[PDB]
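# fold the following for me, if possible:
(chains A and B)
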Amino acid sequence: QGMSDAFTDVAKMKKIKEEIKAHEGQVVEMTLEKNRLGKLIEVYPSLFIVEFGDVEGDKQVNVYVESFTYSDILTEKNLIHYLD
Amino acid sequence: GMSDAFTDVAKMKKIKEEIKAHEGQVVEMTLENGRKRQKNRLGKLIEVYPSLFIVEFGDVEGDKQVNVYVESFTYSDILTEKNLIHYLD
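Numbering: from 1, shown residues only, chains lettered A, B, ... in the order given. Find the structure here:
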């Protein structure tokens, strides 16, 4: 007895890409497996871009931009949560 | 001694101006290494931000590629000549 179809790499990757695209322009909470809030400023086919340091509740002196691959999420290197 | 045209402050101001002015248009870029430029690429300057800019490669006529991808660059990357850039009309 194993994780359902919902947890195959192909299913999970499909969901990750969908969820990221759907949240473009909105706030995300992200970790490095020190949590940060960022704005999802750009979403592209092979990468996405987050601006950190200027979200209310997580304001920092340094405002910077970081790119992530979808693999960063799939592999659980970085965890992401989509804030409404 | 090179003139004030080539001080870091001068060059940074010009880089930022040139990128801002060229948003939406085509750039030619290549990595600094030897005299004979290798693997030059054409891309569209699709976004300009305060700390960086974003180029889409692979869909410019004359340099079309199977894979279309974006890459971001800092203004420091250009200032320090890690990547070379030219603004095509």
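
# alpha carbons only for contacts and neighbour counts from here, please
Fine.

# ok, for residue A:9, nearest residue in space, not its chain neighbours?
Once flanking residues are discounted, residue A:9 sits nearest to residue A:74: 7.5 Å by C-alpha to C-alpha, 6 or more residues apart in numbering or on different chains.

# isn't the one you found right up against residue A:13?
Yes - counting by C-alpha atoms under 8 Å, residue A:13 is a contact partner of residue A:74 at 6.2 Å.

# next one: residue A:37 from residue B:89, what distance?
39 Å (C-alpha to C-alpha, to the nearest Å).

# ok, now residue A:30?
40 Å.

# who has more neighbours out of these two?
residue A:30 (19 against 7; other C-alpha atoms under 10 Å in any protein chain shown).

# report the contact partners of the spatially closest residue to that one that is not a sequence neighbour.
With C-alpha to C-alpha, 6+ apart as the criterion, residue A:30 has its nearest non-adjacent residue at 4.5 Å, and that residue is residue A:80. By C-alpha atoms under 8 Å, 6 or more residues apart in numbering or on different chains, the contact set of residue A:80 is A:28, A:29, A:30, A:31, A:73.

# ditto for residue A:54
Here residue A:54 is in contact with A:38, A:60, A:63 (C-alpha under 8 Å, 6+ apart).
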